[PDB]
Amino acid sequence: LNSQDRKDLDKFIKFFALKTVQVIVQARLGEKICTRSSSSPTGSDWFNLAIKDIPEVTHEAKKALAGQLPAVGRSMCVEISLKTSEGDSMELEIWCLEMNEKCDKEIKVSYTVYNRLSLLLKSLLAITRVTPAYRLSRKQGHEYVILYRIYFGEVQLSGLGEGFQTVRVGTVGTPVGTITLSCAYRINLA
């Protein structure tokens, strides 16, 4: 429960949440994402991953968080929806970044929490390409588009249809709680 470890864990978590939004939204824009690797330490690439930030998304993500971090009862959710040219909307995905009360006492925030979050981000990248909404998002732009919303609070799972699936992207244990990242997605594309 050390102080310098607390300020660093909060910064790690905050930036992990911000990058989680960016990864999810960029996976639903309709374009392939191809970023560059560099041997040289850029000094500003969070979790050592080449994630170019979209400013609008960063602003929208900060407004939902409002200077707060995930905690028990306060989860960050990215909602992904389909909107037709005629105005119909169908919910596709709910990504939830949660933190629970379960603590990991012997875990080093200095680099072990950092590197596990970096791994979780990488799992997020892979998973966003293989859920049913990815193909829909790549084909978007004419009869429909893909919209997104960022809630911060209680997780509500309505709107995905009976029989929706949930995939756990992964978990990171920390001295103040365990981060869990998952996706609940609709399979009845009606």
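Position 1 is the first residue in the sequence shown; the rest follow in order. Each form is matched to the other, and the largest set of C-alpha atoms that superpose within 1.5 Å is called the rigid core.
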Of 117-125 and 155-163, the one with the larger RMS C-alpha deviation from the shown form in 6 other deposited structures of this protein, core-superposed, is 155-163
41-49 or 126-134, the stretch lying farther from the shown form in 6 other deposited structures of this protein by root mean square CA distance over structures and residues, after core fitting, is 41-49
Next on the checklist: Does the comparison with other entries of this protein show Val109 left unmodelled in at least a third of them?
Outcome noted: yes
query = Among the other compared PDB entries, is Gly141 dropped in a third or more?
reply = yes
Quick note on 64-72 and 125-133: per-entry mean CA temperature factor is higher in 64-72
Of 141-149 and 41-49, the stretch with the higher mean C-alpha B-factor in the deposited entry is 41-49
For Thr84, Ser81, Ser110, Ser118, the deposited C-alpha B-factor is largest at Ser110
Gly163: C-alpha B-factor third of its chain, per the entry, is the middle
Chain-relative C-alpha B factor for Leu181 (record values, thirds): the lowest
Chain-relative C-alpha B factor for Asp88 (record values, thirds): the middle
Of the three thirds of the chain ranked by Cα temperature factor, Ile54 occupies the highest
Chain-relative C-alpha B factor for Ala27 (record values, thirds): the lowest
